[PDB]
$ cat start03.tsv   # TSV, C-alpha atoms and all ligand atoms
chain	number	residue	atom	x	y	z
A	2	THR	CA	0.00	0.00	0.00
A	3	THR	CA	1.12	3.59	-0.73
A	4	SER	CA	1.57	5.58	2.50
A	5	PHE	CA	0.84	9.29	2.89
A	6	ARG	CA	4.50	10.37	3.28
A	7	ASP	CA	5.10	8.58	-0.06
A	8	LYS	CA	2.72	10.82	-2.04
A	9	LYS	CA	4.58	14.05	-1.16
A	10	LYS	CA	6.50	16.38	-3.44
A	11	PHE	CA	9.31	18.60	-2.23
A	12	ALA	CA	10.40	22.18	-2.87
A	13	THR	CA	13.52	24.02	-1.74
A	14	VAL	CA	12.49	27.22	0.08
A	15	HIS	CA	15.19	29.43	1.59
A	16	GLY	CA	17.42	26.33	1.53
A	17	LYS	CA	14.92	24.21	3.51
A	18	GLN	CA	12.85	21.36	2.01
A	19	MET	CA	9.08	21.91	2.25
A	20	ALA	CA	6.78	18.97	1.61
A	21	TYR	CA	3.40	19.20	-0.03
A	22	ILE	CA	0.71	17.29	-1.77
A	23	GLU	CA	-0.07	18.40	-5.30
A	24	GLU	CA	-2.60	16.74	-7.62
A	25	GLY	CA	-4.48	17.78	-10.76
A	26	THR	CA	-4.35	20.76	-13.11
A	27	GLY	CA	-6.15	24.08	-13.27
A	28	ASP	CA	-6.52	26.92	-10.78
A	29	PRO	CA	-5.15	26.17	-7.29
A	30	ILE	CA	-7.26	24.90	-4.40
A	31	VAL	CA	-4.94	25.28	-1.42
A	32	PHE	CA	-5.56	23.41	1.85
A	33	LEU	CA	-3.77	24.91	4.92
A	34	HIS	CA	-3.45	22.94	8.14
A	35	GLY	CA	-2.63	24.34	11.59
A	36	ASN	CA	-1.27	23.11	14.94
A	37	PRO	CA	-0.08	20.32	15.53
A	38	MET	CA	-1.16	18.80	12.24
A	39	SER	CA	0.02	18.42	8.61
A	40	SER	CA	-1.36	17.98	5.14
A	41	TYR	CA	-2.60	14.58	6.38
A	42	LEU	CA	-5.49	16.49	8.02
A	43	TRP	CA	-6.92	17.02	4.51
A	44	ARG	CA	-6.57	13.43	3.26
A	45	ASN	CA	-10.29	12.61	3.41
A	46	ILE	CA	-11.47	15.98	2.12
A	47	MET	CA	-9.22	16.36	-0.96
A	48	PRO	CA	-10.87	13.47	-2.91
A	49	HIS	CA	-14.14	15.45	-2.92
A	50	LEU	CA	-12.33	18.10	-5.01
A	51	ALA	CA	-10.51	15.70	-7.35
A	52	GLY	CA	-10.69	16.97	-10.93
A	53	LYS	CA	-11.92	20.41	-9.79
A	54	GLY	CA	-8.54	22.10	-9.81
A	55	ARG	CA	-4.91	21.91	-8.86
A	56	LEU	CA	-5.07	20.60	-5.25
A	57	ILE	CA	-2.20	21.73	-3.08
A	58	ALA	CA	-1.75	20.84	0.61
A	59	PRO	CA	1.57	22.03	2.06
A	60	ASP	CA	3.23	20.99	5.27
A	61	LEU	CA	4.21	24.12	7.21
A	62	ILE	CA	7.92	24.51	8.06
A	63	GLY	CA	8.92	22.24	10.96
A	64	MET	CA	5.79	20.10	10.46
A	65	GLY	CA	4.69	17.05	8.45
A	66	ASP	CA	7.55	16.13	6.15
A	67	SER	CA	8.93	19.66	5.91
A	68	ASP	CA	12.41	20.32	7.27
A	69	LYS	CA	13.05	21.36	10.81
A	70	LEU	CA	14.74	24.76	11.28
A	71	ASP	CA	18.35	25.04	12.43
A	72	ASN	CA	19.16	25.93	16.05
A	73	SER	CA	15.52	25.94	16.98
A	74	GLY	CA	14.57	27.65	20.23
A	75	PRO	CA	11.88	29.83	21.86
A	76	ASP	CA	12.12	32.48	19.09
A	77	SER	CA	11.63	29.92	16.30
A	78	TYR	CA	8.48	29.10	14.31
A	79	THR	CA	6.60	32.36	15.00
A	80	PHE	CA	3.70	33.30	12.71
A	81	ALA	CA	6.03	35.73	10.84
A	82	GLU	CA	8.53	32.94	10.18
A	83	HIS	CA	5.77	30.60	8.99
A	84	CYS	CA	4.67	33.36	6.56
A	85	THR	CA	8.20	33.66	5.23
A	86	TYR	CA	8.39	29.96	4.33
A	87	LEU	CA	4.80	29.31	3.25
A	88	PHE	CA	4.40	32.48	1.21
A	89	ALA	CA	7.67	31.74	-0.64
A	90	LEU	CA	6.53	28.16	-1.29
A	91	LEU	CA	3.25	29.44	-2.71
A	92	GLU	CA	5.10	31.82	-5.04
A	93	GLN	CA	7.38	28.96	-6.17
A	94	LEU	CA	4.34	26.78	-6.92
A	95	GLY	CA	2.80	29.55	-9.03
A	96	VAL	CA	-0.14	30.09	-6.68
A	97	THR	CA	-0.81	33.64	-7.85
A	98	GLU	CA	-4.32	33.97	-9.26
A	99	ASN	CA	-7.85	32.55	-9.02
A	100	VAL	CA	-6.88	30.85	-5.73
A	101	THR	CA	-9.43	28.92	-3.61
A	102	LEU	CA	-8.30	28.64	0.01
A	103	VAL	CA	-9.53	25.88	2.37
A	104	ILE	CA	-8.17	26.76	5.79
A	105	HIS	CA	-8.19	25.78	9.48
A	106	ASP	CA	-6.63	26.94	12.78
A	107	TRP	CA	-3.20	28.52	12.21
A	108	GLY	CA	-3.59	27.59	8.51
A	109	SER	CA	-6.46	30.11	8.58
A	110	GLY	CA	-4.30	32.82	10.18
A	111	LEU	CA	-1.82	32.21	7.36
A	112	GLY	CA	-4.47	31.93	4.67
A	113	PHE	CA	-6.52	34.94	5.73
A	114	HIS	CA	-3.34	37.01	6.00
A	115	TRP	CA	-2.24	35.77	2.54
A	116	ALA	CA	-5.66	36.60	1.04
A	117	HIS	CA	-5.67	40.05	2.69
A	118	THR	CA	-2.23	40.85	1.19
A	119	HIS	CA	-3.08	39.21	-2.20
A	120	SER	CA	-6.72	40.31	-2.34
A	121	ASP	CA	-7.04	40.31	-6.13
A	122	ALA	CA	-5.69	36.69	-6.36
A	123	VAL	CA	-8.52	35.01	-4.45
A	124	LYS	CA	-11.50	33.15	-5.95
A	125	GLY	CA	-13.00	32.06	-2.58
A	126	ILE	CA	-12.18	31.18	1.01
A	127	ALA	CA	-13.59	28.16	2.83
A	128	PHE	CA	-12.74	28.23	6.50
A	129	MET	CA	-13.47	26.26	9.67
A	130	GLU	CA	-12.37	26.47	13.30
A	131	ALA	CA	-10.43	29.51	12.25
A	132	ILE	CA	-8.59	32.53	13.68
A	133	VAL	CA	-11.31	35.15	13.28
A	134	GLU	CA	-10.80	37.41	16.28
A	135	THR	CA	-8.24	38.70	18.73
A	136	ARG	CA	-9.13	38.19	22.39
A	137	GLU	CA	-9.16	41.19	24.72
A	138	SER	CA	-9.31	38.90	27.75
A	139	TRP	CA	-8.62	35.33	28.81
A	140	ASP	CA	-12.37	35.25	29.66
A	141	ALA	CA	-13.00	35.06	25.92
A	142	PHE	CA	-10.78	31.97	25.48
A	143	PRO	CA	-12.38	28.48	25.06
A	144	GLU	CA	-13.24	27.05	28.50
A	145	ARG	CA	-12.04	23.56	27.64
A	146	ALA	CA	-8.56	24.83	26.64
A	147	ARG	CA	-7.89	27.76	29.01
A	148	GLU	CA	-5.81	25.98	31.69
A	149	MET	CA	-3.77	24.22	29.01
A	150	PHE	CA	-3.01	27.39	27.05
A	151	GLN	CA	-2.18	29.45	30.11
A	152	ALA	CA	0.36	26.78	31.10
A	153	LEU	CA	1.78	26.52	27.56
A	154	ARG	CA	2.35	30.26	27.46
A	155	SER	CA	4.28	30.03	30.75
A	156	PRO	CA	7.76	28.65	31.49
A	157	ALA	CA	6.03	25.24	31.97
A	158	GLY	CA	5.50	25.09	28.18
A	159	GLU	CA	8.88	23.62	27.27
A	160	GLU	CA	8.43	20.63	29.56
A	161	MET	CA	4.79	20.18	28.48
A	162	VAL	CA	5.66	20.13	24.73
A	163	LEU	CA	9.38	19.44	24.11
A	164	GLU	CA	9.43	16.65	26.70
A	165	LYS	CA	5.82	15.49	27.11
A	166	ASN	CA	4.45	16.31	23.62
A	167	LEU	CA	1.12	17.30	25.13
A	168	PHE	CA	-0.19	19.28	22.15
A	169	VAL	CA	-0.12	16.05	20.12
A	170	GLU	CA	-0.86	13.61	22.97
A	171	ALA	CA	-3.57	15.47	24.83
A	172	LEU	CA	-4.96	18.29	22.75
A	173	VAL	CA	-5.44	16.25	19.55
A	174	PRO	CA	-7.62	13.45	20.95
A	175	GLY	CA	-9.37	16.01	23.21
A	176	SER	CA	-10.43	17.98	20.11
A	177	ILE	CA	-12.02	15.13	18.11
A	178	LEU	CA	-15.34	13.49	18.89
A	179	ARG	CA	-14.35	10.06	17.53
A	180	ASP	CA	-11.18	8.14	18.32
A	181	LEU	CA	-8.47	8.30	15.68
A	182	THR	CA	-7.24	4.90	14.59
A	183	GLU	CA	-3.78	3.84	15.68
A	184	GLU	CA	-2.49	4.42	12.13
A	185	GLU	CA	-3.98	7.92	11.92
A	186	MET	CA	-2.69	8.92	15.34
A	187	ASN	CA	0.79	7.57	14.54
A	188	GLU	CA	0.87	9.80	11.43
A	189	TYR	CA	0.20	12.87	13.58
A	190	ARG	CA	2.88	11.73	16.03
A	191	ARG	CA	5.45	11.05	13.31
A	192	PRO	CA	6.84	14.60	12.73
A	193	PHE	CA	7.10	15.04	16.51
A	194	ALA	CA	8.23	11.56	17.57
A	195	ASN	CA	11.63	12.85	18.77
A	196	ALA	CA	11.75	14.71	22.09
A	197	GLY	CA	13.24	18.22	22.07
A	198	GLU	CA	13.21	20.99	19.45
A	199	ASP	CA	11.50	18.86	16.75
A	200	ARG	CA	8.34	19.68	18.76
A	201	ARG	CA	8.95	23.45	19.01
A	202	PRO	CA	6.41	24.44	16.32
A	203	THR	CA	3.64	22.97	18.50
A	204	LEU	CA	4.72	25.24	21.42
A	205	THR	CA	5.42	28.51	19.57
A	206	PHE	CA	1.99	28.40	17.94
A	207	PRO	CA	0.03	28.56	21.24
A	208	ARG	CA	2.38	31.32	22.35
A	209	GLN	CA	1.48	33.28	19.19
A	210	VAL	CA	-2.31	33.25	19.75
A	211	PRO	CA	-3.35	36.93	20.15
A	212	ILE	CA	-4.64	37.37	23.74
A	213	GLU	CA	-4.69	40.73	25.57
A	214	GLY	CA	-2.71	42.30	22.70
A	215	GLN	CA	0.16	39.80	22.91
A	216	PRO	CA	1.87	39.13	20.65
A	217	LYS	CA	1.45	42.62	19.23
A	218	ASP	CA	2.38	41.80	15.63
A	219	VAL	CA	-0.13	38.90	15.37
A	220	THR	CA	-2.84	40.94	17.10
A	221	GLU	CA	-2.46	43.75	14.58
A	222	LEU	CA	-2.46	41.57	11.48
A	223	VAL	CA	-5.46	39.51	12.63
A	224	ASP	CA	-7.40	42.67	13.51
A	225	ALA	CA	-6.50	44.01	10.03
A	226	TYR	CA	-7.65	40.95	8.12
A	227	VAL	CA	-10.82	40.61	10.23
A	228	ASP	CA	-11.77	44.23	9.40
A	229	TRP	CA	-11.14	43.41	5.72
A	230	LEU	CA	-13.18	40.16	5.88
A	231	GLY	CA	-16.22	42.19	7.03
A	232	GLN	CA	-16.04	44.23	3.81
A	233	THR	CA	-14.59	42.09	0.98
A	234	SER	CA	-16.99	40.51	-1.49
A	235	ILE	CA	-14.70	37.45	-1.94
A	236	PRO	CA	-17.02	34.43	-1.62
A	237	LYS	CA	-16.75	32.79	1.79
A	238	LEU	CA	-17.79	29.33	2.95
A	239	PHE	CA	-18.08	29.15	6.74
A	240	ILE	CA	-18.03	25.54	7.85
A	241	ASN	CA	-19.51	25.90	11.32
A	242	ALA	CA	-18.85	23.08	13.86
A	243	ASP	CA	-21.33	21.65	16.41
A	244	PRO	CA	-20.35	22.26	19.11
A	245	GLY	CA	-17.08	23.72	17.77
A	246	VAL	CA	-14.31	25.21	19.92
A	247	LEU	CA	-12.69	28.32	18.39
A	248	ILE	CA	-15.82	29.61	16.65
A	249	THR	CA	-18.73	29.53	19.10
A	250	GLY	CA	-21.08	31.93	20.87
A	251	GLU	CA	-20.61	35.65	20.11
A	252	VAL	CA	-17.71	34.99	17.71
A	253	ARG	CA	-19.93	32.86	15.54
A	254	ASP	CA	-22.56	35.63	15.42
A	255	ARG	CA	-19.90	38.07	14.20
A	256	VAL	CA	-18.67	35.70	11.46
A	257	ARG	CA	-22.28	35.37	10.28
A	258	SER	CA	-22.32	39.10	9.47
A	259	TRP	CA	-19.53	38.80	6.88
A	260	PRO	CA	-20.45	39.49	3.25
A	261	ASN	CA	-21.06	36.91	0.52
A	262	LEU	CA	-21.07	34.11	3.08
A	263	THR	CA	-22.39	30.55	2.74
A	264	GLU	CA	-22.74	28.58	6.01
A	265	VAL	CA	-22.83	24.81	6.53
A	266	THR	CA	-22.81	23.15	9.96
A	267	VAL	CA	-21.06	19.83	10.61
A	268	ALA	CA	-20.39	17.78	13.74
A	269	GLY	CA	-17.05	18.50	15.42
A	270	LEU	CA	-15.02	20.04	18.19
A	271	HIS	CA	-11.83	21.51	16.71
A	272	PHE	CA	-10.18	19.03	14.28
A	273	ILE	CA	-13.47	18.68	12.52
A	274	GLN	CA	-11.93	17.15	9.40
A	275	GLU	CA	-11.59	13.96	11.49
A	276	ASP	CA	-15.27	13.85	12.43
A	277	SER	CA	-17.07	15.10	9.35
A	278	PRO	CA	-14.80	14.78	6.31
A	279	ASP	CA	-17.49	13.83	3.80
A	280	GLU	CA	-19.84	16.61	4.91
A	281	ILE	CA	-16.97	19.12	4.69
A	282	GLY	CA	-15.75	17.77	1.32
A	283	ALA	CA	-19.24	17.81	-0.22
A	284	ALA	CA	-19.89	21.34	1.09
A	285	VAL	CA	-16.58	22.63	-0.31
A	286	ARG	CA	-17.20	20.85	-3.66
A	287	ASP	CA	-20.75	22.22	-4.04
A	288	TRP	CA	-19.80	25.74	-3.02
A	289	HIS	CA	-16.68	25.80	-5.24
A	290	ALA	CA	-18.80	24.55	-8.17
A	291	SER	CA	-21.20	27.52	-7.66
A	292	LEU	CA	-18.45	30.17	-7.94
A	301	CL	CL	-2.09	26.79	18.84

$ encode --input "start03.tsv" --output "structure tokens" --more "lines below"
Ligand SMILES: [Cl-]
Amino acid sequence: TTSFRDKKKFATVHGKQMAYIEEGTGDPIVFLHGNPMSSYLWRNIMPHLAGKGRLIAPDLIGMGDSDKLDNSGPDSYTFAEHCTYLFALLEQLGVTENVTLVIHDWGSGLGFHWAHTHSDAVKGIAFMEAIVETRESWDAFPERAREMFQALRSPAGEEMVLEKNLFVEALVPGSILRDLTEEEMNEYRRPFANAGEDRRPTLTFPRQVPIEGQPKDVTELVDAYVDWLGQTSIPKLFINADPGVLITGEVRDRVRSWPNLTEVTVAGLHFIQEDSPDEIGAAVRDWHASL
């Protein structure tokens, strides 16, 4: 049988190898994962778009089968650095026009920021469990994740992630309704199997979430793209999750005010691709076909 790792192509980006799935021809349909996942997150959704365009699912730097950075430490794998690598990869792959984005979690921070700064290049944005606000208070943070994220953002974070791999080992199964199979879980573990800095991307990401204005750079760029999303006529497909995690309550009401928006609801907590892949794939296919 052909494994997932086996299907990947590779590009040299600032001297580092970045892995990605690419299949088909036509305008790009770009699938962006977040933390602590990889292109594997899209494996059951991509077949619903087969023959509809050029499907591209990159592994972010330090994740999936992409290279790890050199002398990784607490300043490594920030949002800015992820932009540097991903945006360069996208340019190298000729993702420049008529782009459909299918985005989740930190992949949505990256994708929304890309769309905002390449606003004439975008055919449509499908998003789910996405970065769609900055939080003025920890009170606004998801109840089920607050203790975990407060501890990750503290000095405790290195031991929790670099040693104990808790983003993978606790947050992943906690954020899926079903149980992943052993094979599926082992594929998420694989890029992070080695203790130490190999796991750093999964710790810098929670430290980059904009809460009480910190970090400042991420807060500003998210605020900027959220303002723009409330105005732009670019078609939007909001895949709402029931119950969801990141997009719930008041946040969800605000998303529903965005222009040119189609909404579908599917079962899921946060990694909803694992609970409702066929519902998500069919929704993306049908919406993309209507554009
Ligand atoms: Cl995170």

$ atom_distance --input "start03.tsv" --atom1 "CA of residue 31 (chain A)" --atom2 "CA of residue 170 (chain A)"
27.3 Å

$ closest_residue --input "start03.tsv" --among "A:69, A:114, A:154, A:217" --to "residue 199 (chain A)" --atoms "all atoms listed in the file"
A:69

$ residues_near_point --input "start03.tsv" --point "(-12.6, 31.6, 20.5)" --cutoff "8 Å" --atoms "all atoms listed in the file" --output "list in words"
residues 132, 134, 136, 141, 142, 143, 246, 247, 248, 249 and 252 of chain A

$ closest_residue --input "start03.tsv" --among "A:153, A:46, A:284, A:242" --to "residue 266 (chain A)" --atoms "all atoms listed in the file"
A:242

$ residues_around --input "start03.tsv" --residues "region 124-131 of chain A" --least-positions-apart "5" --cutoff "8 Å" --atoms "all atoms listed in the file" --output "number ranges by chain"
A: 98-107, 109-110, 235-242, 245-248, 271-273, 285, 289, 292

$ residues_near_ligand --input "start03.tsv" --ligand "ligand CL 301 (chain A)" --cutoff "9 Å" --atoms "all atoms listed in the file" --output "list in words"
residues 35, 36, 37, 106, 107, 150, 168, 203, 204, 205, 206, 207, 208, 209 and 210 of chain A

$ residues_near_point --input "start03.tsv" --point "(-19.4, 12.3, 3.7)" --cutoff "12 Å" --atoms "all atoms listed in the file" --output "list in words"
residues 45, 46, 47, 48, 49, 267, 268, 274, 275, 276, 277, 278, 279, 280, 281, 282, 283, 284, 285 and 286 of chain A

$ closest_residue --input "start03.tsv" --among "A:193, A:139, A:43, A:259" --to "residue 213 (chain A)" --atoms "all atoms listed in the file"
A:139

$ closest_residue --input "start03.tsv" --among "A:181, A:64, A:87, A:256" --to "residue 194 (chain A)" --atoms "only C-alpha atoms"
A:64

$ build_atoms --input "start03.tsv" --residues "region 137-156 of chain A" --atoms "N, CA and C atoms" --output "CSV table (one decimal), in the frame of the given file"
chain,number,residue,atom,x,y,z
A,137,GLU,N,-9.5,40.1,23.8
A,137,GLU,CA,-9.2,41.2,24.7
A,137,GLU,C,-8.9,40.7,26.1
A,138,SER,N,-9.4,39.5,26.4
A,138,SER,CA,-9.3,38.9,27.8
A,138,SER,C,-9.2,37.4,27.7
A,139,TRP,N,-8.5,36.8,28.6
A,139,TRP,CA,-8.6,35.3,28.8
A,139,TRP,C,-10.0,34.8,29.0
A,140,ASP,N,-11.0,35.6,29.5
A,140,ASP,CA,-12.4,35.2,29.7
A,140,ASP,C,-13.0,34.8,28.3
A,141,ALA,N,-12.5,35.4,27.3
A,141,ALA,CA,-13.0,35.1,25.9
A,141,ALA,C,-12.4,33.8,25.3
A,142,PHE,N,-11.5,33.2,26.0
A,142,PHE,CA,-10.8,32.0,25.5
A,142,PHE,C,-11.6,30.7,25.7
A,143,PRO,N,-11.6,29.7,24.8
A,143,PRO,CA,-12.4,28.5,25.1
A,143,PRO,C,-12.2,27.8,26.4
A,144,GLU,N,-13.3,27.5,27.1
A,144,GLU,CA,-13.2,27.0,28.5
A,144,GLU,C,-12.5,25.7,28.6
A,145,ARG,N,-12.7,24.9,27.6
A,145,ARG,CA,-12.0,23.6,27.6
A,145,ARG,C,-10.5,23.6,27.5
A,146,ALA,N,-10.0,24.7,27.0
A,146,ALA,CA,-8.6,24.8,26.6
A,146,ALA,C,-7.8,25.9,27.5
A,147,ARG,N,-8.5,26.6,28.3
A,147,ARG,CA,-7.9,27.8,29.0
A,147,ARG,C,-6.7,27.4,29.9
A,148,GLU,N,-6.9,26.4,30.8
A,148,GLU,CA,-5.8,26.0,31.7
A,148,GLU,C,-4.6,25.5,30.9
A,149,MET,N,-4.8,24.7,29.9
A,149,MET,CA,-3.8,24.2,29.0
A,149,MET,C,-3.0,25.4,28.4
A,150,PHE,N,-3.7,26.3,27.8
A,150,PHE,CA,-3.0,27.4,27.0
A,150,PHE,C,-2.3,28.4,28.0
A,151,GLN,N,-2.9,28.6,29.2
A,151,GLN,CA,-2.2,29.4,30.1
A,151,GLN,C,-0.9,28.8,30.5
A,152,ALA,N,-0.9,27.5,30.7
A,152,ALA,CA,0.4,26.8,31.1
A,152,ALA,C,1.4,26.7,30.0
A,153,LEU,N,0.9,26.5,28.7
A,153,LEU,CA,1.8,26.5,27.6
A,153,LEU,C,2.5,27.9,27.4
A,154,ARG,N,1.8,28.9,27.7
A,154,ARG,CA,2.4,30.3,27.5
A,154,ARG,C,3.3,30.6,28.6
A,155,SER,N,3.4,29.8,29.6
A,155,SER,CA,4.3,30.0,30.8
A,155,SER,C,5.6,29.3,30.6
A,156,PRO,N,6.5,29.4,31.5
A,156,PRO,CA,7.8,28.6,31.5
A,156,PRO,C,7.6,27.1,31.5
